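Before any questions on binding or motion, here is one chain by itself as structure tokens, the form deposited in one PDB entry.
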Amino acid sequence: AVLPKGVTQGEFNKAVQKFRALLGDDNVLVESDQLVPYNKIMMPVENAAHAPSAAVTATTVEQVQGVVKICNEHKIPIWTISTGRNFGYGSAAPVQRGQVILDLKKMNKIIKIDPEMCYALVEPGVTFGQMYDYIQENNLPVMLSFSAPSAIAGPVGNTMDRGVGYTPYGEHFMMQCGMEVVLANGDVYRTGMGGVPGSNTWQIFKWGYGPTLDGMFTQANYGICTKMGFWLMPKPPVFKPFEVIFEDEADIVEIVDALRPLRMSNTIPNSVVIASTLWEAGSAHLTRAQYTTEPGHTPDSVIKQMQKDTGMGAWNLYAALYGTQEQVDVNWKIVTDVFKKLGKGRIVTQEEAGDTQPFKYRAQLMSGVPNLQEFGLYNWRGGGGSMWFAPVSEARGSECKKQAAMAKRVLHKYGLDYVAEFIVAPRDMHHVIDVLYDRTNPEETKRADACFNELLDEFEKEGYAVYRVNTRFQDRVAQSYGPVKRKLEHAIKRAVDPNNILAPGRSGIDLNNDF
């Protein structure tokens, strides 16, 4: 029987009794079969290491308040998820074995979509697909920022982990406005303008008055988000997605330095992607086995062959323009002039690309259309092993080259591939590297775990750290940011959750730690 850390069967039984009284039997899952989908992980460790003791599906804020009351009474640690599609970051399983999962997928109402003020207010279980269908069927003049690869993922869960999309509203937390959280003591706290009785500005002005705390709850375990608002981009008259293909790995310095001023001036306004050959290949549903079944990493010689056969470059840049046709036309001239002056980069238009992949799904991503194309990355090697290694980088060419070379060296050392893309903000990149391996192979699984550890170590040696990470490594990554930060995080933790019931271990915040 899986029980929470240091908690007795008797105390667990008492909590389950109370959870059933509060939520109804059908909302309290304690049977193995019922927990199966919750235990699925892609991390290089056996399922048992992240096995939940139970899952409870709350539907209302009052039920969430009831859940934390019970958790405090019997010291039950809960791992909160919204839509639970955190693949490559731990999926729906808890950070520590034995936690009860507080699954908020049933708390799924779209409270409001304002097409004039361009914002949405939603519950945790609201999915990207749900919002898209409502907006499209009702012809609302707004568009979404969508995070791959699941249409049943959603804005709340993604924003609580500070995920990203591919439109000009791609930095999801930047566009968040207003948040409601249930604190460990049961209090319902609304950030920003939400605490003002009769307010109509909760989704209008981010900060409110006094300390602005939305960020304190993201990537943290200081509260349970039950509602969140965010800004929506108004539907533009014209959308012009495009691609620029580069043939050589060494081109990354020039690509990034030519692109940066275009992003800094907002001439290209969306979160552009510069995808490596293998990310491009996997997103197009190509597999390593189609090219080689030899052990180890995929050789450069094979990759160049792949580039030859497919037209895919060493780097594949996907960007878009938005606005009136006249605005798009003027910005298109500026963009094409930059690449012409550079003397590198082949431009591919939406017309030329047609229904071919990856362009088709990239155009969908850049216009906020939910789609499942990127599940193809899971088939590059297959076997269910995938961890995102996502270091932050300056959007400076030399830095991107350095990080790409570092990651490639370490991955190859362990027989794995550099499958990556730079998601481009004006000043930063999320350098997203998909560490893919066959999790059904014990020898390879051990190499993947060792490889991920070495990637973290080698990047720290160069002053780099990741922006987000899977549950197996959340404590390790917390170390990257130093002891003073962890001490402050634990002081806040004690203040808002003295019984340590909210997801202890999240981002390395756990009162059992000596901080």
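All residue numbers are counted from 1 along the displayed sequence.
Keep in mind that the form solved in complex with a partner chain is not shown, yet the notes after this line are about it.
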{"query": "Options 382-390, 342-350, 300-308, 242-250; stretch whose heavy atom lies within 4.5 Å of its partner chain in the deposited complex", "finding": "382-390"}
{"query": "Residue (of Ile135, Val338, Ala151, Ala363) lying close to its partner chain in the deposited complex, criterion heavy atoms within 4.5 Å", "finding": "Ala151"}
{"query": "Distance check, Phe375 to its partner chain in the deposited complex, heavy atom within 4.5 Å", "finding": "yes"}
{"query": "Its partner chain contact at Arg85 in the deposited complex, heavy atom, 4.5 Å", "finding": "yes"}
{"query": "4.5 Å heavy atom contact, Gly98 to its partner chain in the deposited complex", "finding": "no"}
{"query": "Its partner chain contact in the deposited complex: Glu421, any heavy atom under 4.5 Å", "finding": "no"}
